[PDB]
Amino acid sequence: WXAXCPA
Amino acid sequence: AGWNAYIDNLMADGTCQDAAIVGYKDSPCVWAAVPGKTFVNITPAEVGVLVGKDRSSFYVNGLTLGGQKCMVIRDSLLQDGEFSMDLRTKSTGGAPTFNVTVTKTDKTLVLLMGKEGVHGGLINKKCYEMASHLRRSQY
Amino acid sequence: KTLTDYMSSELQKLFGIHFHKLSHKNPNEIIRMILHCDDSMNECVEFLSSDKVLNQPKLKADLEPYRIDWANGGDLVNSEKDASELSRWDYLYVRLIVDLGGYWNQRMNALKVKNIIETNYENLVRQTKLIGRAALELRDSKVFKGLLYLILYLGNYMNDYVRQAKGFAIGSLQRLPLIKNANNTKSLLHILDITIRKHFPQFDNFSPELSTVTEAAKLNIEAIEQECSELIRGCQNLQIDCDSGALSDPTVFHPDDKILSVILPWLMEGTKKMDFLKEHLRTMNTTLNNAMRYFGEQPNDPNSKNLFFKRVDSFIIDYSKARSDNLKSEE
Amino acid sequence: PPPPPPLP
Amino acid sequence: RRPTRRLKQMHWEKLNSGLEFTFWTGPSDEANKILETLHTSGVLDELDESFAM
Amino acid sequence: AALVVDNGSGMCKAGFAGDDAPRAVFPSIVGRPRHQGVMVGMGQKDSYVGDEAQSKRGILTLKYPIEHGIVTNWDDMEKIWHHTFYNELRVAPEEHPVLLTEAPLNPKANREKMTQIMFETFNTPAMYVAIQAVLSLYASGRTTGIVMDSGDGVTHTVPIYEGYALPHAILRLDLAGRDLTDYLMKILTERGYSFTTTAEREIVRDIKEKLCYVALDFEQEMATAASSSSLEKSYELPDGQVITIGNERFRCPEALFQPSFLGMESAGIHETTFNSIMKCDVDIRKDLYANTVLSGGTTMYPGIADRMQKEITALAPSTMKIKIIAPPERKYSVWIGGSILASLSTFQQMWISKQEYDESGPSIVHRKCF
Ligand SMILES: Nc1ncnc2c1ncn2[C@@H]1O[C@H](COP(=O)(O)OP(=O)(O)O)[C@@H](O)[C@H]1O
Ligand SMILES: [Mg+2]
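Protein chains in written order, with the deposited numbering: chain A, 1 to 7; chain B, 1 to 139; chain C, 1040 to 1042, 1050 to 1377; chain D, 907 to 914; chain E, 984 to 1036; chain F, 6 to 375.
Right, here's the structure in full:
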């Protein structure tokens, strides 16, 4: 992700 | 002894200006009340509303007690433990309003309305006490 | 570890609620600032303006011997009647309600009217301008006239020969949605939307052209008129009070009472405000009235005077939904 | 009314 | 022009006040154009077929 | 000096009678570390509460002791109160009466439960419990009215009258701030931002407090939001990441007015306000409309007052006037009203004493302070 996790 | 003497006991402290006792069994009628006041004029129809099965109709426009308009605060007459009712008189043109309490016993209904500026809790605690005593006397 | 107030038990509760900001100050300090009519207690003065505080006959008798005859002599009525024995709030009530009760109701009236005028004259002029502009716009709109003529000409076509009237009221426009065709899919107003669009490009969209009518439908004419009319009554009642009423006499006034020193500067300016608002009040009435006959209705019916823009606005939204449904279904 | 009981 | 068949009848409220004060009395040339266009637009023909009971 | 302690689902407020602002305002959270400690000699505590827990929230498992009004853990609830007196206020409770607040339509189970833990663990000399809703309009300076009480746990609509609550007319709606924060995260993932854990639940709480607002017209605003980028705002994550939201500013707060967005059959507070006042008497109904008040941190959204005023006006008859009272200090209105109530001279009458409790027992609270 963008804000959070890696994705 | 002397049903009127309870009214004297009810008026010992002077925190109330009207007090009465009414037997709600069979034909309702006042057993003792303050002469010339509100509580002396209770009709059986008003008693039937107070002890009636319908516990929601008096929320739409209140009820009348001796012909004087009053609003419902909380209803706990038919619930075990308190058997008590709370009312506040309804007035027009900024006229003074007073707190009204009713306690239900085995045979009687005890009614107290205090003077101006008197908190309802004081009126409630007394009526519960004499109602508690009166039920201990099997009335 | 457990650890002579004539005032009623209930009332001590109310006094402490409103004057909480002044707990650290003595009665002598708070008795002084209130007479200044300062901005910091424009809210607390309303609490002492209530009927609850004033309508206390039993205390007024109790604190009467403690009153100071400030009207003449400025001396205590009785001999000693020390005020230190009284409690904190007891000192205030006798020195403010009982002592100044002769002009207390008059002074609060000068201050209650002071607050209401200071904030409503700005908006009241805005409301009366919108209604007058909306009435003039409706009267001076060819588009609104043109659609009514088209409706009348179409309406006379399907009507009988014995009922071929040349005019109708605005309130009759609600019958269009109530008429349906054979399959009930399309109502009478729905034909009008496609009829106007196909052949009358000038009448395609009149809602953006006339917008002030819609906002004018959210205001009550009688309520606004009564609200403004209340201001003039209070103003003229104030004039007879400051000039020839209880406020006129300054002998009963305390030296540290600038209530006379604050109302009089506004007295000249306040007269200007009521004159302008009176002109605007007359302007709205005639501006509504000339456009009122212009469409056949009368203000004598109170509902017609109030529900005049509502009926026009009701047709505006009704035409809007009719057009939206017509466009959605065909596209 | 029936006879009343003693007061508290 | 009158329809050949009876159609749906709409009912209005007659103006109690005199029509002279109303804008209906004023014979503006714009109103005359509405009648001329309506009689030639063919909308009246569609009314007969659709609005017949 | 009488203590006025305001236990709340989200924030806990405490101070002194007569003060104009709470002395200590700290979150009502309890934290227990989920990882073993390797650095010895620090004297690390077992449980962390309040600001200190919020400071180190990353390595803590925050728990709310109160959920949906009902206290789900009585062991933690004293700890935050224990931290409240000795740590935040630094005052011994043995010589000061304390004031706590109660919730509308509260079950009878709790009411002695706070009573039985204060006169015993902290042995406060005196006590009194009142409705937080009643104290709301007390700070507003009025005694009769209806309160639009909304907070972190629950929402209640109480049409007070001379300071005496109407139990039958009390309506309870389950649309609170925690629901919106939970609704904000499920809609924030549309933009590629995934916040799931409890520590970052405070982060979105911070975001909506600063960026979210109430839009006057939903249909007009989504059209404008899609068309233009003006409504978009940039927020800074504590790690330094930059985020931007386009239409979520007015969408999350809108669920307070459209609960079907969350899927709740019960409708918004605008009708619930109207629904509650339908239950009252007709003659008194005139007063209730013009003295409506807003309270709680949930009602902090910009443009919330005019939006509710517009909607209930359509619901209300055209004859009636509606006056939405929204004091800017209504965040601490419940606390301030209690300090006002405690400071009253007549307030000493309905004290419950330590001695009187001993002969009367826990049951005295139901009849003494009601
Ligand atoms: N400026 C703001 N904008 C939006 N929400 C806010 C704002 N300030 C506080 N809040 C919300 O209000 C809540 C505070 O609840 P609170 O009123 O303390 O509950 P209680 O009434 O039970 O004490 C917080 O959870 C927070 O999310
Ligand atoms: Mg709350």
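Virtual Cβ for every residue (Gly too), placed ideally from N, Cα, C.
Reference residue i; option with closest CA among the options
i: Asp1239(C); options: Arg1369(C), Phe1093(C), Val1159(C), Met1314(C); result: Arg1369(C)
i: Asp1051(C); options: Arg1134(C), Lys1356(C), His1236(C), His1070(C); result: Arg1134(C)
i: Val247(F); options: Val152(F), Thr106(F), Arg196(F); result: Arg196(F)
i: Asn78(F); options: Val43(F), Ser33(F), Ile64(F); result: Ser33(F)
i: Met71(B); options: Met227(F), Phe255(F), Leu176(F), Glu167(F); result: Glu167(F)
i: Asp26(B); options: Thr108(B), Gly81(B), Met113(B), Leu122(B); result: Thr108(B)
i: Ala29(F); options: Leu140(F), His40(F), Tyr91(F); result: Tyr91(F)
i: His87(F); options: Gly23(F), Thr318(F), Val298(F), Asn12(F); result: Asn12(F)
i: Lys336(F); options: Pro102(F), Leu140(F), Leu8(F), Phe127(F); result: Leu140(F)
i: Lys191(F); options: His73(F), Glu253(F), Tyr306(F); result: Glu253(F)
i: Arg37(F); options: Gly23(F), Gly63(F), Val45(F); result: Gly63(F)
i: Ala319(F); options: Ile1080(C), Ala1263(C), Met1320(C); result: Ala1263(C)
i: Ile212(F); options: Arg183(F), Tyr362(F), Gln225(F), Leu242(F); result: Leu242(F)
i: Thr103(B); options: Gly66(B), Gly36(B), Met130(B); result: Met130(B)
i: residue 377(F); options: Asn115(F), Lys50(F), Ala144(F); result: Since the displayed chain F opens at 6 and closes at 375, residue 377(F) lies outside it and no answer follows.
i: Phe279(F); options: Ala138(F), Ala321(F), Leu94(F); result: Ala321(F)
Same chain only: Cβ atoms within 6 angstroms of residue i, ignoring 5 sequence neighbours per side
i: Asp81(F); result: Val35, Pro70
i: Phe127(F); result: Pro98
i: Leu1327(C); result: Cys1274
i: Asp1136(C); result: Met1053
Integer-rounded CB distance, given that residue j should sit under 8 angstroms from residue i
i: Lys326(F); j: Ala295(F); result: 6 angstroms
i: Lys84(F); j: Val54(F); result: 6 angstroms
i: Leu1018(E); j: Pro986(E); result: 15 angstroms between Cβ atoms; not a contact.
i: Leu1002(E); j: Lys1188(C); result: Not confirmed; about 19 angstroms, so no contact.
i: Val34(B); j: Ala19(B); result: 6 angstroms
i: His73(F); j: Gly158(F); result: 6 angstroms
i: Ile1162(C); j: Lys1319(C); result: With a Cβ gap of about 12 angstroms, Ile1162(C) and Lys1319(C) do not count as contacting.
Residues near residue i by beta carbon distance below 7 angstroms, same chain, minus five either side
i: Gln1173(C); result: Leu1265, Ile1270
i: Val1308(C); result: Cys1083
i: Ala1215(C); result: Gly1342, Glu1343
i: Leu1310(C); result: none
i: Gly150(F); result: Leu142, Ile165, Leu293, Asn296, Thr297, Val298
C-alpha distance - residue i paired with residue j, whole-angstrom precision
i: residue 193(B); j: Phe98(B); result: Absent from the structure is residue 193(B), since the part of chain B shown begins at 1 and ends at 139.
i: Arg984(E); j: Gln263(F); result: 54 angstroms
i: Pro909(D); j: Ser84(B); result: 24 angstroms
i: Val209(F); j: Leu67(F); result: 15 angstroms
i: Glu1273(C); j: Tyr1167(C); result: 11 angstroms
i: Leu1313(C); j: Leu1277(C); result: 14 angstroms
i: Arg989(E); j: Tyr1365(C); result: 26 angstroms
i: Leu110(F); j: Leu299(F); result: 19 angstroms
i: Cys5(A); j: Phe200(F); result: 9 angstroms
i: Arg177(F); j: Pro112(F); result: 13 angstroms
i: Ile1267(C); j: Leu180(F); result: 38 angstroms
i: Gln1210(C); j: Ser232(F); result: 51 angstroms
i: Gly302(F); j: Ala174(F); result: 23 angstroms
i: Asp1287(C); j: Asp1295(C); result: 10 angstroms
i: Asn1118(C); j: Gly94(B); result: 33 angstroms
i: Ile42(B); j: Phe1093(C); result: 37 angstroms
i: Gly1178(C); j: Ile1063(C); result: 45 angstroms
i: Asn1101(C); j: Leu105(F); result: 34 angstroms
i: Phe1034(E); j: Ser1375(C); result: 20 angstroms
i: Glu364(F); j: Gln121(F); result: 14 angstroms
i: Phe1246(C); j: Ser1253(C); result: 15 angstroms
i: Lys1304(C); j: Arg1153(C); result: 11 angstroms
Contact set for residue i: own chain, Cβ-Cβ below 8 angstroms, skip 5 residues either direction
i: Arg1243(C); result: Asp1250
i: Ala204(F); result: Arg62, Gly63, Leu65, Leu67
i: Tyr59(B); result: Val72
Quiz item: Is it a yes or a no for the region 1212–1221 of chain C touching the region 1344–1360 of chain C, going by three-plus beta-carbon pairs under 8 angstroms?
Solution: yes
Quiz item: Does the region 1138–1146 of chain C come close enough to the region 1106–1116 of chain C to have 3 or more Cβ pairs within less than 8 angstroms?
Solution: yes
Quiz item: Contact between the region 221–237 of chain F and the region 306–316 of chain F: three or more CB pairs below 8 angstroms?
Solution: Short answer: they touch.
Exercise. Check whether the region 119–135 of chain F touches the region 339–357 of chain F, taking contact to mean three or more Cβ pairs, one atom from each stretch, closer than 8 angstroms.
Key: yes
Quiz item: How do the region 263–276 of chain F and the region 230–239 of chain F stand: do at least 3 beta-carbon pairs fall below 8 angstroms, yes or no?
Solution: The answer is no - the region 230–239 of chain F does not touch the region 263–276 of chain F, with fewer than three Cβ pairs under 8 angstroms.
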